[PDB]
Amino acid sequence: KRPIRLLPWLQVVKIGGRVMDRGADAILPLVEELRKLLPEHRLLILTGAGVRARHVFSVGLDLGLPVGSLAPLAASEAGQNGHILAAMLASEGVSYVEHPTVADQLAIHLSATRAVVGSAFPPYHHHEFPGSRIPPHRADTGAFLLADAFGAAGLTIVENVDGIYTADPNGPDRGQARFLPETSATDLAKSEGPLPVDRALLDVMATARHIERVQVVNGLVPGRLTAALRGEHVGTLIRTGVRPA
């Protein structure tokens, strides 16, 4: 049978780096919403990287650096977003916790306080996989690997758009972009074209053991994160293909 759930009562929330990139205008309402959620859920809040990782990719690729060099360079930006977000929640007892602490001591930290913040990137470092010159295991992927390894009650991905569309809704084909209320990871993996989530997220969903659904919701709309953590359908649901025991 499947492995046990280590932290079955845990809710994992991944905050997009590009949400953080919007600054106070986006972060202050999200922090207020997170504050209200602290008494309702036990939260592991994981931040992605955003635009600064694109800059370091631009420099690193111009220098010729391999994908195992670019991966920790990008992960650093997710960590900086996590320190920023944690600083905003410090007065609620929330702090940033490092990867080794998340890996081995999360249980005690969530006993001390209602939420902690960490980096959503996984620590693949120079052991990132070759193939693409862009690190494949990024913030969505790391957050899901963690949530599923813990057997958490859910993973909610907080985006700067309503969810997944059939095309980039801020891109050249924006006009034909249709919103997808629900999809399966296997269907997404068959599609070509951009997504708001890592392609590697769909791969780790295929080998997942616990998380059956991940919702992508618009963190720029107050209340959607709160609704999503109660299972209300306010963004795109991704079925992982895990089925119940």
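In this text, residue numbers run from 1 along the sequence as written.
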{"query": "Mean C-alpha B-factor comparison - 131-139 and 163-171, higher one", "finding": "163-171"}
{"query": "Stretch exceeding the other in mean C-alpha B-factor - 46-54, 180-188", "finding": "180-188"}
{"query": "Largest Cα B-factor, entry values, listed residues 220, 34, 28, 201", "finding": "220"}
{"query": "Peak C-alpha temperature factor (PDB record), options 84, 112, 158, 89", "finding": "112"}
{"query": "CA B-factor ranking of residue 17, expressed as a third of its chain", "finding": "middle"}
{"query": "Modelled-residue ranking by C-alpha temperature factor, third containing residue 234", "finding": "highest"}
{"query": "Record-listed C-alpha B factor of residue 242: chain third", "finding": "highest"}
{"query": "Cα B factor band for residue 107 (lowest, middle or highest third within the chain)", "finding": "middle"}
{"query": "Ranked against its chain, the third holding the CA B-factor of residue 4", "finding": "highest"}
